[PDB]
Structure formats: C-alpha cells, structure tokens
C-alpha cells in the first residue's frame, strides 16, 4: 500500500563481457563461484589487465518500474524534450498516489519512453499530464 520505484540489475555474462574487453592480447585469461587466472610476461601489463577487469561494470540495467507493493488500459509516450525521470519526479511529488493500487509505470531515461498501465480514466489524465510536461 505504498508506491516504490524499482530497478532490476542483472549481472552480465562473464565470458562474452571479458572477450569484448580490450585487454592486452598478451594477457592469457583462464576461467575456473568463478575465478579468473591472468598471465603476462610483463608485470605492468598484468597490473593494467587487472585494473581493466576491476573497472569493468558488469551490471545491466533493465528500465525503471513504478508500482504499488478490473479492466486496465496501456499507453506509451515518447518524450521529445523532458527527461522521463524528471517527468516522473514531477508526477509523483507529494503524499497522494498518482496511480490506483493496480497501476504501474515503466520508464527509461535512455529511450525517454514512458509506458503507463492503469484504469482507463487514470491512464487518460496522466497521459495528458505527461504531455504538458514534455518541454
């Protein structure tokens, strides 16, 4: 009975990720939870390979879900000016609920796409609201 912003972080496939990482070709990488064994003739290069793996961001983000822990409509809005997250902070400011208990919004600052699912009137009025905020 209390609205939350939600995000899923999925750890990237290790083998493809490491293969795409621009390590020195002289670094031999062996995979064995998981262990990595790194080999190089040059200590400085070996350290730089280690540093590259450590600096590696393995977490893939999957869009942001906003929801509450009979007929439902769905609308998708593409923003042309404003950021989805700024629009969402604006829409969800204050104590009152934006959506009914069954409503949800999926949004993304990368694509600037907002997907709202809720009862028909809620969907109608929020879509209009999002539209006036697109600037």
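Positions refer to the first chain, counted from 1.
Visitor: Unmodelled deposited residues between residue 69 and residue 70: none, 1 to 3, 4 to 9, or 10 or more?
Guide: In the record, 10 or more residues between residue 69 and residue 70 lack coordinates.
Visitor: What number of deposited residues lacks coordinates in the span between residue 32 and residue 33: none, 1 to 3, 4 to 9, or 10 or more?
Guide: Going from residue 32 to residue 33, the model skips 4 to 9 residues of the deposited sequence.
Visitor: Mean C-alpha B-factor higher for 35 to 43, or for 58 to 66?
Guide: Averaging CA B-factors over each stretch, the winner is 58 to 66.
Visitor: Name the residue from 92, 85, 73, 104 with the greatest C-alpha temperature factor listed in the entry.
Guide: Max CA B-factor in the entry, restricted to 92, 85, 73, 104: 73.
Visitor: Lowest, middle or highest third: where is residue 18 by C-alpha B factor in its chain?
Guide: Middle third by C-alpha B-factor.
Visitor: Using the B-factor values recorded in the entry, state whether the Cα atom of residue 79 falls in the lowest, middle or highest third among the modelled residues of its chain.
Guide: For residue 79, whose C-alpha B-factor we compare with every modelled residue in the chain, the answer is the highest third.
Visitor: Sort the modelled residues of this chain by their C-alpha B factor and say whether residue 116 lands in the lowest, middle or highest third.
Guide: Ranked within chain, residue 116 CA B lands in the middle tercile.
Visitor: Comparing residue 8 with the other modelled residues of its chain, is its CA B-factor in the lowest, middle or highest third?
Guide: It falls in the bottom third of the chain.
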